[PDB]
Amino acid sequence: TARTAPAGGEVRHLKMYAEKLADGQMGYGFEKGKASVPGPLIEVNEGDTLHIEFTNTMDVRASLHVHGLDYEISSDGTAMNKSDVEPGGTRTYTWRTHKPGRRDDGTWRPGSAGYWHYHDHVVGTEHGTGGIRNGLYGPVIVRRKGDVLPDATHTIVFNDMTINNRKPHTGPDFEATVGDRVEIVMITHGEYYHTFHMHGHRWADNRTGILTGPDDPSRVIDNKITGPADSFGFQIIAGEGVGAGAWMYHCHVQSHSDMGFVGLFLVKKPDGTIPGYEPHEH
C-alpha cells in the first residue's frame, strides 16, 4: 500500500533568504549561499502553521508572497500593505493552512490542500515583475490527510520563454526508474500563455492530478494550457504501460518548442539503460 499524508496541525519554523546570484539572477534559499531557481520546495500538511524568518540580503527591497495559503494582511508581501522587506532587513511572514469542514450555516469550507507557489512582489515593479523574471519564485505543496505521497517531486516552471530560467536546449532533464511514483509541480509566470505536454504519460485534471476511483469524471489529459501564476500538480507512475525511454516534455506552442524550451523525463531500466537513448551523445 502507498504512503499517505498524516493529519496536520504542527507549528513549523523556517529560515529563508533572497540573494543576488553571480550571473545577475535572484534566488530564494533556506541557507545563505544556497539560493536556487526555482526556490526550494515548501511542503506541509493541512492545518500546519509556518513561520518563515525571511532575510533580504539584496540591495533592493524584496518580499515573499504566497498563493492559496492563509495569511493576514501583514504577511501579503506587498508595498501597499507595508509588508515587504528593506535591503539587509528581516521579517517574519506567517502562513497558515486549514482542513476542510462543515460551517455553521451548513456549507462546506474548502481546505488549503493543493499545488501552490510563492514569489516576490516588489522587485522591479510593485507586482514583482523584475523579481519573478530574475528567479524569485518557488513551489508550495499542501497535503490533505490521506493524499498519496510520491517517491520524488520535480518542479517545472515556464517563466516567460524559459524553463526554470535556463537557456534553450539545456533542459532541465529529470530521471526515474520504471515504476517510480513521480510528482510534478507545474507553475507558469510572466507574460505568455503556454501548453505543458508530456510524452508517454497522462494525468487527471483535478486537485491532485490522480483519480481516487471510478466515480471521478475529470478529464484525463497529457496537454494543458497555462497562464502567468497558474499552478497545478500531478503524479505518474514512470513508464507505466509504456516502458523505459527518453520521454520529452515541452511547451506545445510550436515556436516555443522550436526555440528549444524542451526537457527529458529519462525513465531507466534498473540497469540504467534507456532504449534509443545513448548517453555519450547528449
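When you see a residue number, it is the position in the sequence shown, counting from 1.
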Mean C-alpha temperature factor, higher of 270-278 and 254-262: 270-278
Mean temperature factor over C-alpha atoms, higher-scoring stretch between 177-185 and 77-85: 77-85
Record-listed C-alpha B factor of residue 168: chain third: highest
Modelled-residue ranking by C-alpha temperature factor, third containing residue 205: lowest
CA B-factor placement of residue 47, once the chain's modelled residues are sorted into thirds: lowest
Cα B factor band for residue 214 (lowest, middle or highest third within the chain): highest
For residue 29, the third of its chain into which the C-alpha B factor falls: lowest
